[PDB]
Structure formats: structure tokens, C-alpha cells
Amino acid sequence: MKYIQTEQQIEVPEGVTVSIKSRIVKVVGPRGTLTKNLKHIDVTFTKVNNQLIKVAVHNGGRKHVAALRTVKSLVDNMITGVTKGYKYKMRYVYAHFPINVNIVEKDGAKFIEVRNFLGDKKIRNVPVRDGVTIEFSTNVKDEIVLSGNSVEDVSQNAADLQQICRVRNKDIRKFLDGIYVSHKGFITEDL
Amino acid sequence: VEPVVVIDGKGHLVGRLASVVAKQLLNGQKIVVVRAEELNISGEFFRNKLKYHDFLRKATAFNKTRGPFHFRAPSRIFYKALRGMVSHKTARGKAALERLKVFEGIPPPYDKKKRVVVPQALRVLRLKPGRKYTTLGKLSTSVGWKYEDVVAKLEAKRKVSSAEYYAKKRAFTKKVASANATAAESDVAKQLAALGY
Amino acid sequence: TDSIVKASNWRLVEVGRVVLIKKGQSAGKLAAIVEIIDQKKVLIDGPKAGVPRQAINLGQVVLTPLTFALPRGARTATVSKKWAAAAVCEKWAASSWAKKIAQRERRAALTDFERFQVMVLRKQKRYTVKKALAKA
Amino acid sequence: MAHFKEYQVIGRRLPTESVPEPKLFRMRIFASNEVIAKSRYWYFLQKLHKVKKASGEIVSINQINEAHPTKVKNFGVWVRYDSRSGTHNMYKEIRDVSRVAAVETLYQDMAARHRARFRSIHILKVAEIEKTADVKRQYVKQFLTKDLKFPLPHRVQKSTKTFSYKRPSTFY
Amino acid sequence: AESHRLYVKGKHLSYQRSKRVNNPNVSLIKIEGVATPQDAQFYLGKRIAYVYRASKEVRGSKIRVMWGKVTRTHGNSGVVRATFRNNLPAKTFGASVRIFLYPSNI
RNA sequence: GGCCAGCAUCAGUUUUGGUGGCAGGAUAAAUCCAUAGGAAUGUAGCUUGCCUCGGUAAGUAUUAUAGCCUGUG
RNA sequence: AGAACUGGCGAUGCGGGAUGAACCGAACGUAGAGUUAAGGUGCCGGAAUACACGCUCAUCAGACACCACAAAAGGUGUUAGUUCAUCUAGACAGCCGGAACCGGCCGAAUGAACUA
RNA sequence: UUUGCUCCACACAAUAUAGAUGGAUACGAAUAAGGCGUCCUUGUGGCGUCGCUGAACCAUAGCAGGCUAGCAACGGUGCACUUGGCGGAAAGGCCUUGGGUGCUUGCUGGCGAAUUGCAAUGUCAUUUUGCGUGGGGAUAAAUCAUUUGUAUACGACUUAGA
Ligand SMILES: [Mg+2]
Ligand SMILES: [Mg+2]
Ligand SMILES: [Mg+2]
Ligand SMILES: [Mg+2]
Ligand SMILES: [Mg+2]
Ligand SMILES: [Mg+2]
Ligand SMILES: [Mg+2]
Ligand SMILES: [Mg+2]
Ligand SMILES: [Mg+2]
Ligand SMILES: [Mg+2]
Ligand SMILES: [Mg+2]
Ligand SMILES: [Mg+2]
Ligand SMILES: [Mg+2]
Ligand SMILES: [Mg+2]
Ligand SMILES: [Mg+2]
Ligand SMILES: [Mg+2]
Ligand SMILES: [Mg+2]
Ligand SMILES: [Mg+2]
Ligand SMILES: [Mg+2]
Ligand SMILES: [Mg+2]
Ligand SMILES: [Mg+2]
Ligand SMILES: [Mg+2]
Ligand SMILES: [Mg+2]
Ligand SMILES: [Mg+2]
Ligand SMILES: [Mg+2]
Ligand SMILES: [Mg+2]
Ligand SMILES: [Mg+2]
Ligand SMILES: [Mg+2]
Ligand SMILES: [Mg+2]
Ligand SMILES: [Mg+2]
Ligand SMILES: [Mg+2]
Ligand SMILES: [Mg+2]
Ligand SMILES: [Mg+2]
Ligand SMILES: [Mg+2]
Ligand SMILES: [Mg+2]
Ligand SMILES: [Mg+2]
Ligand SMILES: [Mg+2]
Ligand SMILES: [Mg+2]
Ligand SMILES: [Mg+2]
Ligand SMILES: [Mg+2]
Ligand SMILES: [Mg+2]
Ligand SMILES: [Mg+2]
Ligand SMILES: [Mg+2]
Ligand SMILES: [Mg+2]
Ligand SMILES: [Mg+2]
Ligand SMILES: [Mg+2]
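Below, the discussion takes up the overall build of chain E. For chain E, the count of helices and strands is 1 helix and 6 strands. For chain E, the sequential pattern of α-helices and β-strands runs β-β-α-β-β-β-β. The long-range fraction of contacts in chain E, counting pairs at least 24 apart against all pairs at least 6 apart in sequence, stands at 57%. Accessible surface for chain E amounts to roughly 7000 Å². Of this, 49% is attributable to carbon and sulfur atoms. Mean positive and mean negative side-chain charge positions of chain E (20 and 4 charges, respectively) differ by 14 Å.

See below:
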């Protein structure tokens with residue numbers, strides 16, 4: 001029914017400085033640097049106190065106000081991304097054939113490389129998104145770890161690998177093998 | 001009013017630009033359209049992709065030639081929407097359609113000419129904000145227009161020389177405005193002021 | 001490294017926002033936004049330019065950057081006091097907007113003779129300027 | 001239908017030898033002219049007491065002018081209406097400067113949201129809403145907050161000439 | 001000097017017509033700078049000339065002229081109606097035309 | 001006087017404006033004036049609890065360092 | 001396929017319904033100026049890209065009597081309603097303590113069935 | 001095949017013309033943002049300003065613009081020339097050096113204008129061709145017939161011949 005005013009709050013932490021001109025958004029943290037283009041949205045970003053940035057939608061409709069919060073969130077995860085970080089751990093599961101998982105690179109590439117999945121002679125390769133650093137988890141078995149400042153970039157590169165392992169032509173609830181996302185949290189722990 | 005009118009296509013709605021351009025011809029005004037690639041169509045890209053494919057599937061069945069002709073390039077897509085608003089099977093029609101040219105890009109006459117905008121065809125003014133829409137070149141290139149990248153390369157090369165131009169201009173028209181600047185306060189000035197100048 | 005967000009800072013429909021009529025029997029007069037009806041209509045009172053207290057669409061009206069202090073719902077005379085009190089008209093007139101409305105109405109009153117006097121002057125002004133233009 | 005005035009319409013059944021001075025019933029009718037208005041009076045009076053325009057007489061017709069035309073008011077509006085399935089009642093709230101101004105913007109709404117033309121609507125009651133927080137509907141109350149302001153982003157300016165030599169600006 | 005024009009530029013748009021049929025006896029003229037029906041009233045009764053060339057010399061020139069007047073206005077965009085000594089050829093639709101400042105009331 | 005124009009003064013038809021004087025109504029309703037009353041989308045004043053000379057948060061207060069609503073005339 | 005009354009077509013052009021015997025408008029000597037009907041005024045196309053309030057976004061939107069066909073049935077798309085009820089006796093959620101009930105956190109509305 | 005061709009110069013013949021009559025007056029990009037100015041530590045910077053339409057800007061006086069004189073400027077503007085730079089999207093146009101010829105309404109003068117008789121576009125654009133004079137320039141082919149068979153119903157195709 002066209003709400004004449006609604007807004008949200010991006011609370012800005014210490015080591016962070018965000019710069020918004022037109023609808024391009026840049027977040028500069030101690031961890032890294034992230035930029036995201038919101039020109040598809042139609043909102044007004046407004047600085048108040050340099051700790052806080054408000055984003056408002058004027059005269060908005062139902063669907064339009066709905067897009068307000070998902071603006072806020074998008075920026076929040078940009079700030080929390082540039083400080084805490086994003087660590088997605090995912091553990092291969094195999095009922096019989098052990099899943100041989102590796103980082104191979106040719107032509108300066110860096111892909112994840114999955115061998116012997118369900119005894120597949122075919123070699124699966126999922127490319128490594130820029131900004132995600134992979135490591136295989138020491139001391140814990142069949143765990144792989146994706147880390148970066150972009151949730152987007154990371155959690156895609158997670159489901160990237162997680163979906164190259166789909167099983168064909170069997171009941172899936174019997175054959176459970178794959179590489180599935182174990183846990184998602186931040187890079188600096190205790191936070 | 002003028003001998004020839006150049007219309008920057010960029011940011012205009014095809015059918016609304018078409019309708020005004022159609023009418024200029026019929027009233028005798030010569031029109032040339034440029035940047036037909038960056039023309040807009042209301043509605044999101046996919047629908048417009050579909051619509052063209054519907055156009056695409058119509059042809060005379062016994063001979064595919066005599067059936068409708070499906071042009072890809074943004075100009076000809078736009079010339080088509082424009083032809084469709086004109087009486088073109090008449091002679092008056094052929095006459096009107098000769099007064100019109102449409103180009104993708106801005107070829108050499110007209111790159112140093114001056115190009116206008118038609119607000120009632122202007123997308124920014126016309127569409128409710130946040131309504132999905134379509135850049136025409138992107139559609140054309142998905143239905144088989146081969147030249148999108150050339151036009152881009154040329155336009156960027158051209159857009160550079162036009163800033164060189166505009167740079168010197170903004171600099172020289174800074175000198176000129178420092179000239180009227182002293183002639184202000186003069187006897188002649190404050191008189192022209194009196195009469196409105 | 002402060003944050004430096006942009007602004008996009010609009011003129012506001014608000015009580016006390018002096019406003020220029022565009023279309024109407026009052027067309028071209030200043031009024032003030034007395035109360036507010038909905039996202040489209042408002043109440044206006046213009047009394048120092050003689051526009052009636054009336055409700056009006058915002059589409060017949062163009063918001064000015066000028067605005068003064070004034071209570072919501074304030075009756076005509078009270079609009080008169082506060083209007084003059086804050087020198088609304090004085091401040092509209094100094095504006096380059098109003099000065100361009102001025103400038104263009106004078107060019108309408110000009111007479112063929114006056115028009116000719118203008119041109120003679122222009123050639124005179126041009127000569128002195130293009131002279132200056134080749135010294136620097 | 002059209003643009004409205006409000007009429008007091010007062011009538012009585014025709015005096016009968018045994019019953020001189022009948023009882024004088026009156027309505028407040030929103031119509032665009034007295035000829036429509038007086039038809040409505042007979043339209044409703046037939047749905048209340050036993051009278052036809054034949055057996056009746058119109059005692060008076062008096063236009064009713066708004067009593068504070070420059071004061072912005074909130075209005076409760078009680079309406080009965082016919083949809084394509086059945087007939088049902090309703091309540092909406094209109095914020096405007098008079099009664100006659102609101103009955104207009106009501107008939108628009110009932111047409112715009114509910115596809116209800118004029119003939120299918122009865123106006124049951126229109127009342128001022130005397131105090132705030134007796135206003136029940138959000139689309140009004142939204143306008144009642146203290147010290148209201150708001151912008152009008154993305155401003156368009158109709159052209160007076162078809163061609164134009166700047167690229168426009170939607171600013172404000 | 002440069003400009004000797006004592007007329008106002010105009011265009012020959014169409015005859016008078018419905019969608020089905022026309023009336024060559026009446027033409028519709030668009031006048032530069034005329035916008036509104038009230039803008040058009042000024043040029044009522046003024047005099048139009050459609051100037052055009054030919055192959056034969058006649059009176060001592062190869063230029064010929066058809067002459068007419070502006071009889072009344074047309075619609076809400078300030079197009080104007082005009083009738084001529086002889087009906088304009090209709091090959092002229094979209095051809096220039098001249099509206100003179102006389103007969104004057106200024 | 002042969003055809004034709006152009007202007008002026010008229011007549012018949014008509015179209016588009018500008019201006020004058022009247023008649024209605026709630027003898028318009030409003031604005032405005034005078035007056036009594038009252039309220040909050042509570043103005044000054046006061047108190048209060050934080051927060052930096054810079055004002056903030058909530059109680060109190062009905063014209064006061066704004067104003068409004070309502071009846072009367 | 002067959003009756004009733006009337007108006008029509010047939011025997012009738014003309015404006016309108018793109019097209020069309022029967023619909024709408026209007027019935028015809030030859031012409032003129034004016035005004036209109038029915039129907040229309042983005043462009044084809046004469047005539048407002050007129051004003052105003054809403055509603056509508058469709059990877060099958062929709063767009064005008066006769067008329068050129070779609071129904072039951074569903075949707076947590078989105079609008080405005082209705083009848084019930086919780087809500088500053090800080091409700092409804094996500095944590096957390098006690099044993100759904102009440103609270104510690106919350107600072108504003110929320111739940112149910114239904115109408116179109 | 002009687003002296004034919006072509007580029008540049010001009011003369012008149014004619015022939016047309018979807019319709020000259022002051023000037024098509026050049027960033028790019030955004031539009032819930034930008035233009036211009038200025039300043040700095042040159043940034044998604046500071047500050048100033050503008051917008052609310054080109055209703056602008058430029059040009060515009062002089063026999064359709066006659067004949068002349070002066071001053072003041074050291075400017076504007078046209079024509080042919082020349083210096084060098086740039087433009088391939090359809091560049092075929094933009095910029096610049098230099099001397100030479102003209103206009104000037106920046107300002108002040110002298111002369112002319114009628115009788116075209118109260119209006120009758122009262123004639124100023126541009127397109128193609130032909131006929132004649134010097135000024136440059138250039139001196140081939142194709143088809144039939146003959147021939148070939150990588151071709152072919154016939155035409156056409158592909159070879160060959162001073
Ligand atoms: Mg699969
Ligand atoms: Mg299966
Ligand atoms: Mg199986
Ligand atoms: Mg198509
Ligand atoms: Mg096919
Ligand atoms: Mg063929
Ligand atoms: Mg192809
Ligand atoms: Mg009342
Ligand atoms: Mg009731
Ligand atoms: Mg009913
Ligand atoms: Mg532009
Ligand atoms: Mg005749
Ligand atoms: Mg027209
Ligand atoms: Mg005679
Ligand atoms: Mg008068
Ligand atoms: Mg009067
Ligand atoms: Mg009176
Ligand atoms: Mg009285
Ligand atoms: Mg009176
Ligand atoms: Mg039958
Ligand atoms: Mg028969
Ligand atoms: Mg018959
Ligand atoms: Mg008959
Ligand atoms: Mg008939
Ligand atoms: Mg017909
Ligand atoms: Mg039909
Ligand atoms: Mg018919
Ligand atoms: Mg139709
Ligand atoms: Mg037209
Ligand atoms: Mg509208
Ligand atoms: Mg209809
Ligand atoms: Mg319908
Ligand atoms: Mg249908
Ligand atoms: Mg249903
Ligand atoms: Mg149903
Ligand atoms: Mg259901
Ligand atoms: Mg539902
Ligand atoms: Mg529903
Ligand atoms: Mg429904
Ligand atoms: Mg730039
Ligand atoms: Mg700025
Ligand atoms: Mg700068
Ligand atoms: Mg800068
Ligand atoms: Mg700057
Ligand atoms: Mg070439
Ligand atoms: Mg041979």
C-alpha cells in the first residue's frame with residue numbers, strides 16, 4: 001500500500017570504512033576489500049555517524065520494501081566478510097570408494113580435483129573462485145575448507161564442489177556419497 | 001524546423017521512438033537515428049528473446065524467401081517497428097521512409113554533428129523505476145547479429161576522441177566565460193541586462 | 001578514512017515548504033504547504049501572492065528549495081505572518097531560478113525597436129569581448 | 001459518477017384526506033445534480049418505507065456546502081456494494097478536505113480495487129473521524145505521524161517540444 | 001541581411017479527412033511555433049502561399065505559387081485548416097508552405 | 001462592361017475571444033474579525049534521567065517565547 | 001427444426017463495428033458553410049503521448065456490445081474487505097532460565113477462518 | 001567508326017526537384033543522481049554553484065543590402081594560396097603555420113532610393129545532360145565468328161588463337 005517511509009541500519013565496525021557513490025558499494029576492512037554494485041535496487045544510502053549507515057526506501061510497495069532488508073543483509077555480510085571472514089568446511093562422505101580430492105593446477109588455474117568418486121574413472125574438477133583459499137583440514141579426516149571475505153564467492157565455490165559430486169541413475173537416499181557442506185562460520189574464531 | 005535531426009538512440013523505448021520518428025517523416029522532417037544498439041525495449045530480456053523467436057518462426061512455407069524477413073541488427077529491428085507505423089506500401093510512404101536513416105554506432109558524418117533526445121520516448125522518463133527492460137543490441141546479438149563487438153570497439157575509440165574534443169571545448173568555453181566576466185558591469189552589459197540579456 | 005557515503009538529498013513535502021505553482025488559475029505563484037493529505041494531495045496557502053487556501057495535487061506544483069517555519073494546519077493569516085516574518089518573497093527573488101523567470105518575462109515584453117536596440121548592443125559587447133579573447 | 005455535490009432531499013407521501021401532514025423523511029444524497037439526487041431519494045425511499053414517486057412529493061431540495069472546506073479531515077466511510085458473486089458491506093477510511101471530496105475518491109476506489117461501478121454502491125454513512133487513534137486503517141494513520149515530511153524521488157518533466165538537446169534529469 | 005522572410009514556416013500535412021475518405025477542398029497546416037488552438041487563432045484569415053517550381057516559363061519566371069487563406073483551427077495541437085485558390089496537389093503532403101503576417105490586425 | 005482579385009461599409013449563416021450590469025443559495029460555505037470552550041500529531045515555561053558549552057530522552061504544563069480544533073456572534 | 005409480438009434484411013446506399021446482408025448511428029434529389037450521431041483521437045489515421053484516483057509484471061499479461069467461446073479447481077504473487085480473537089496485563093518470533101505455563105531478552109502490532 | 005575520352009576553369013542552352021530561404025549548434029555517464037567552477041593529501045575528496053527545459057545559444061542594421069569618407073582597434077570574418085599535425089566506421093572531414101585579397105553594423109560621416117503608382121512568391125536554392133573556346137591529362141577492350149571439354153538442352157561455363 002506504498003509505505004511512505006521505511007529504513008534499516010548498517011552498523012559499521014572499527015577497522016571498516018564503506019564508500020557508496022551512486023549505488024556502487026565498497027567496504028574496506030583490515031581483512032580485505034569488497035565491492036558490490038547495487039544499482040538495480042532504488043534506495044537511498046545515508047551516512048549518519050560513521051559508525052552507522054542507514055538505507056531507506058521512500059514510498060515503497062510490498063515487494064520493494066522486501067528488497068530493503070536484503071540490501072542491508074548484503075552489506076552486513078560485506079562488513080562481517082571484511083573483518084571476521086568466512087570459513088566453509090565440507091566433508092567428503094563415501095560408503096565404499098574413498099573420494100580422492102586434490103588441488104591441481106595447469107595454466108595458472110587452481111582447481112579442486114575429485115578422483116575415484118563411486119569408483120568413477122572420470123576426474124571431476126571444480127575451479128577455485130578468486131578470493132577463496134582452499135585448504136584440506138589437517139588432523140580431521142576427509143574435510144576440505146573454503147575461506148574468504150565474500151560469502152557469495154565462498155558458498156558458491158562450496159556448492160560448486162558439492163554439486164559436482166551428484167550421483168546418477170541410483171536411488172540417492174541409498175547412495176549418499178558426495179562432498180557435502182559440513183559447517184559455515186567465520187575465519188577469526190571465538191567470533 | 002531543421003534540415004536533419006540526429007537522435008541518439010541510447011536510452012529510448014523502441015516503439016515510442018519509432019512512433020515519433022514515423023511521424024516526423026510523414027510531416028517531412030528528415031531523421032537519422034544513431035546508437036540503435038543501445039536502444040531499449042520495455043519488458044525483461046527473456047520475454048523479448050521469446051517474442052523475436054515467434055517473429056522468427058513465421059515464413060512463407062513453400063518458399064522461405066517470399067515469407068517475412070527477420071532482420072537481426074538493432075537498426076533493422078527498429079526500422080521494422082518504424083516501417084510498421086508508416087503507410088509504406090503507398091508512394092507517400094516510400095517517400096517518408098527515404099527521409100529516415102538508422103545506424104548502429106555513430107558513423108563518421110554525425111560523430112561531430114549534434115544529436116538530440118526525444119523525451120516522450122525516453123526510457124528514464126517513461127518507465128516506472130525498477131521495471132525490467134532490455135537493451136536492444138543484446139537481444140539482436142542473441143538472435144544472430146554478428147557485429148556487437150565491432151560497434152563496441154569503435155564506439156570506445158570514438159568516445160575517447162569526443163572527450164578530447166569536449167576537453168578543449170570546456171577549456172576554451174572557460175576562457176570565453178572569463179571574457180563575458182569582465183565585460184559584465186560594463187555600460188553595454190548593464191544595458192543588455194535591462195532588456196533581458 | 002572516514003566512510004563518505006553520498007546524499008541524494010531531495011526537496012521535501014513538508015509543512016512550511018514554499019512551493020511554486022505551475023498549472024492553474026494561480027499558475028506561477030508561490031504558496032506554502034500548510035498540511036498534508038496523502039502521497040499526492042496537500043493543502044496550500046499563498047496569501048501574500050493571493051492564491052486561495054486550497055488542496056492541490058503535487059503534480060500541479062513544483063517544490064522550491066526554500067522553506068520556512070510554520071505549524072501544521074496553520075490558518076491563512078498565520079501563514080501570512082510567518083511568511084513575511086521569514087522573508088520568503090525576499091529569498092525567492094534573490095534566487096537564480098526566480099531571476100531566470102524574471103529574465104524570460106522581460107524578453108517577452110520587448111518591442112521590435114527594443115529588440116533592435118538589443119542587437120546593436122550585442123555586436124558592441126561582442127567586439128569588446130573578442131578583443132579580450134585574443135589577448136589571453 | 002461525475003463530480004459530486006451533497007443534497008438534503010426531503011419528501012413526504014401525498015396527503016390523503018384522512019392523513020394530511022404526512023411524516024417528512026429526508027436523506028443526504030451525493031450526486032452530480034439535483035435531478036440525479038432526487039431520483040436517488042426515490043430509489044432509497046422505495047427500499048425503506050412504502051412510497052413511489054407517484055404517491056409521494058418532494059418537499060425540499062437544498063444543497064449542503066462543506067462547513068470547513070480548508071480543514072484536512074479523516075473520514076470513516078461505510079459502504080454496501082455488489083460484487084459479481086453476492087452483495088456485502090465494507091468500511092474504508094478517506095483522508096481529504098471535505099465530504100464531497102471523499103465520496104469522489106471512494107467511488108474511484110470501489111471502482112478501482114473492487115470493479116464496482118456507481119449503480120452497485122450504497123453510501124451507508126460518511127462521518128468525520130473526530131480524534132486520531134480512532135482511525136483504524138494503516139493507509140491513513142501512516143500520514144498522521146508527528147512532523148511528517150517525505151521526498152518525491154525520480155521527478156519527471158513533460159516536454160513541450162518533441163526533440164530536446166539535453167539529457168533529462170529526474171532530480172529534485 | 002541574412003533573413004528576408006516575412007512569413008512563418010508551415011507544412012502541408014493532410015487534406016481534411018475521415019479514416020475512409022478525404023476532402024481535398026480543405027487542407028491541414030502545421031505552423032512553426034504554434035502549439036495550441038488559441039495559439040492558432042492569431043493566424044486565422046492569414047494568407048498561405050505554396051511556392052513551387054516548374055519547367056515552363058510563364059509570366060517570365062519558372063516559379064509558380066498557389067494562394068490560400070487559413071480558415072479555422074484543428075484539434076488541440078494547434079494545427080490549422082486552410083483552403084486554397086485551387087486544391088493543393090496532395091503530392092505536397094509533407095511539403096513546406098508559407099503563412100504571411102497579412103491581413104494584419106496588429 | 002469581360003474575368004479576376006484587394007480593401008471598406010453591410011446583409012444572411014457561423015465560429016472563437018474580450019469586457020459590462022443583475023438574480024439565486026445557509027440572502028453560498030469558507031478566509032477575516034470578535035468571543036467563550038477545548039484538545040494533541042502538547043508551543044513556552046518547569047522538573048527529571050542519561051548523554052561533551054550541542055543539545056537529547058519523559059513527566060508536567062492548555063497559550064505562555066507557536067499554533068490548532070469547536071460553538072457563538 | 002418449429003410458433004409469438006415488434007423492429008429489420010430481402011428491395012438500401014451512407015458514417016461506425018479493421019473485415020461482414022440482418023448489429024450501432026442514420027435512411028439517399030445537386031451543392032455549399034456550420035454542428036453532430038454511432039464510433040474514435042501513440043503511429044498506420046482525421047482528432048489530447050489530455051487531465052485524475054486506484055489496480056496490474058505474466059519463461060502463455062492484457063486490451064471493447066452483437067463477436068469470433070473456456071469451466072470446475074488450486075497459489076504464502078499482490079490489492080482491498082468481512083467475522084472472530086491476542087496486543088503498553090511489552091503479545092508474535094530467535095536465543096536463555098524455571099517447571100504448554102510463566103518469566104529474563106525484546107519496543108510493534110499479530111494470529112485465525114473467510115469475501116472478491 | 002571524320003576528332004573520339006577524361007579531370008579543372010565559364011558560357012549559355014535546357015532538364016528535372018517528396019519540397020533551401022539566418023545556423024543539423026559534436027563528451028561520456030548517471031537518473032534513489034549529475035553539470036560546471038574551484039581547492040587539496042587527486043579521493044566513490046572538500047567547497048561553491050546551476051537545473052525547475054532550446055522561451056537557449058550563436059548570427060541578425062546597410063539597393064537581396066548601392067557609391068563613398070573618416071576614426072578607433074589590432075579584433076572579428078570570407079576567398080584563393082602555404083606550414084605542419086590528425087582522422088579508415090561510410091575516414092573524403094577536423095586542426096594548425098605563414099605571407100596575399102576582400103567585408104566589417106565596434107564608432108562618426110556624405111551621396112542614392114520615389115513613378116514597381118494600396119497587395120498579386122514578384123523570382124537569390126540544386127539535379128542531371130547537351131552544344132560550343134584556350135588551361136591540364138590519358139591512348140583500352142569486350143562481344144560475334146573460330147576454338148576447347150574440367151561445361152552444357154538452348155543460352156550460359158571453361159580453354160585457345162596476330
Ligand atoms: Mg545430476
Ligand atoms: Mg531416479
Ligand atoms: Mg536403479
Ligand atoms: Mg519482433
Ligand atoms: Mg526453419
Ligand atoms: Mg526474387
Ligand atoms: Mg544466419
Ligand atoms: Mg455538514
Ligand atoms: Mg452503519
Ligand atoms: Mg445493491
Ligand atoms: Mg544527449
Ligand atoms: Mg470549386
Ligand atoms: Mg500534425
Ligand atoms: Mg460581371
Ligand atoms: Mg474590451
Ligand atoms: Mg460578470
Ligand atoms: Mg450575488
Ligand atoms: Mg445574512
Ligand atoms: Mg452574495
Ligand atoms: Mg429457425
Ligand atoms: Mg427475391
Ligand atoms: Mg426493405
Ligand atoms: Mg422497407
Ligand atoms: Mg438500411
Ligand atoms: Mg464502411
Ligand atoms: Mg469486431
Ligand atoms: Mg459496415
Ligand atoms: Mg478501433
Ligand atoms: Mg496526424
Ligand atoms: Mg493517468
Ligand atoms: Mg466500446
Ligand atoms: Mg473486459
Ligand atoms: Mg472477444
Ligand atoms: Mg476460487
Ligand atoms: Mg472460482
Ligand atoms: Mg480456496
Ligand atoms: Mg489466495
Ligand atoms: Mg487471491
Ligand atoms: Mg481471487
Ligand atoms: Mg568528463
Ligand atoms: Mg555537485
Ligand atoms: Mg576538478
Ligand atoms: Mg574533480
Ligand atoms: Mg569536485
Ligand atoms: Mg568511396
Ligand atoms: Mg567463346
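What follows is about the protein's contact with RNA strand F. Neighbouring residues of RNA strand F: 27 residues in total, closest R75, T78 and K82 of chain C together with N65 and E66 of chain D. Between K82 of chain C and RNA strand F, the recorded distance is 2.7 Å, taken from a side-chain N or O atom to a phosphate oxygen. Within the side chain of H68 of chain D, one N or O atom sits 3.3 Å away from a phosphate oxygen of RNA strand F. Only α1 (76-86) of chain C together with β3 (56-63) of chain D provide two or more residues apiece to the surface near RNA strand F. In terms of residue count, the dominant contributor to the surface near RNA strand F is α1 of chain C (5 residues). Along the lines of polarity and charge, the residues of the surface near RNA strand F split into 8 nonpolar, 10 polar and 9 charged.

Right, let's talk about the nonpolar core for a bit. Judged by nonpolar contacts, the single largest core of 39 residues is most densely connected at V13 and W83 of chain C. Elements with a minimum of two residues in this core: β2 (17-21), β3 (30-36), β4 (41-45), β6 (61-67), α1 and α2 (88-94) of chain C. In terms of residue count, β3 of chain C provides more of this core than any other element does, 6 residues in total. The residues touching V13 of chain C, leaving out its near neighbours within four places in the chain, are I33, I36, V42, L58 and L63 of chain C together with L148, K149, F150 and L152 of chain D.

Attention now moves to the protein's contact with RNA strand H. Taken together, 110 residues lie around RNA strand H, and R158 and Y166 of chain B, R126 of chain C, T170 of chain D together with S96 of chain E are the ones closest in. Of everything in RNA strand H that lies within 4 Å of the protein, sugar and phosphate atoms constitute 55%. Between RNA strand H and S162 of chain B there is a distance of 2.9 Å, counted from a sugar or linking oxygen to a side-chain nitrogen or oxygen. Sorting elements by how many residues they give to the surface near RNA strand H places helix α7 (residues 148-183) of chain B first, with 12 residues.

Time to look at the side chain of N149 of chain A. Of note, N149 of chain A is situated in the loop between β12 (143-148) and α2 (151-164). Discounting residues that sit within four places of it in the chain, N149 of chain A has contacts with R31, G32, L34, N77, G81, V82, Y86 and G131 of chain A.

Residues and elements named next belong to chain D. The tally for this structure, following the rule as stated, stands at 36 salt bridges over all chains. Between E66 and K73 there is a salt bridge; the shortest N-O distance is 2.2 Å. Overall, the relative accessible area of 22% leaves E66 in the partly exposed class. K73 gets classed as buried once you look at its relative accessible area, which sits at 4%.

Reading guide: rules and limits
Sequence-order numbering is used: residues on each chain count from 1 as written, possibly diverging from the entry numbering, and only residues with coordinates are shown. Working convention: letters from A go to chains and numbers from 1 go to ligands, in the order in which they are written. Bear in mind the chains here are only a fraction of a larger assembly, and the values reflect that fraction. Hydrogens are left out, water is left out, and the side-chain values use all remaining heavy atoms of the structure. Helix numbers and strand numbers start at the N terminus; a helix is a DSSP run of H or I with at least 4 residues, a strand a run of E with at least 2. Contacts: residue pairs with any heavy atoms within 4.5 Å of one another. For the accessible areas, the method is Shrake-Rupley and the probe is 1.4 Å, while residue cover comes only from the protein chains on display. When charges are counted, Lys and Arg are positive and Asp and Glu negative, with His and the chain ends excluded. The atom standing in for a charge is NZ when the residue is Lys, CZ when it is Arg, CG when it is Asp and CD when it is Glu. Consider each residue's heavy atoms; a residue with any of them within 4 Å of a molecule or strand counts as near. Polar contact is defined as a pair of N or O atoms within 3.5 Å, subject to the rule that within protein one atom must be able to donate a hydrogen and the other to accept it, and that residues adjacent in sequence are counted only when both atoms are side-chain atoms. Just so you know the grouping, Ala, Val, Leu, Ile, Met, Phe, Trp, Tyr, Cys and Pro go in nonpolar, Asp, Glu, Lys and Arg go in charged, and all remaining residues, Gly too, go in polar. Buried residues of nine kinds, namely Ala, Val, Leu, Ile, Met, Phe, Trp, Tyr and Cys, make up a nonpolar core once their side-chain atoms join them within 4.5 Å. Here's how the labels work: a residue is buried when its accessible area is under 20% of the maximum for its type, exposed when over 50%, partly exposed in between, all with a 1.4 Å probe on protein chains only. We count a salt bridge whenever a side-chain nitrogen from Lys or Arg sits within 4 Å of a carboxyl oxygen from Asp or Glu.

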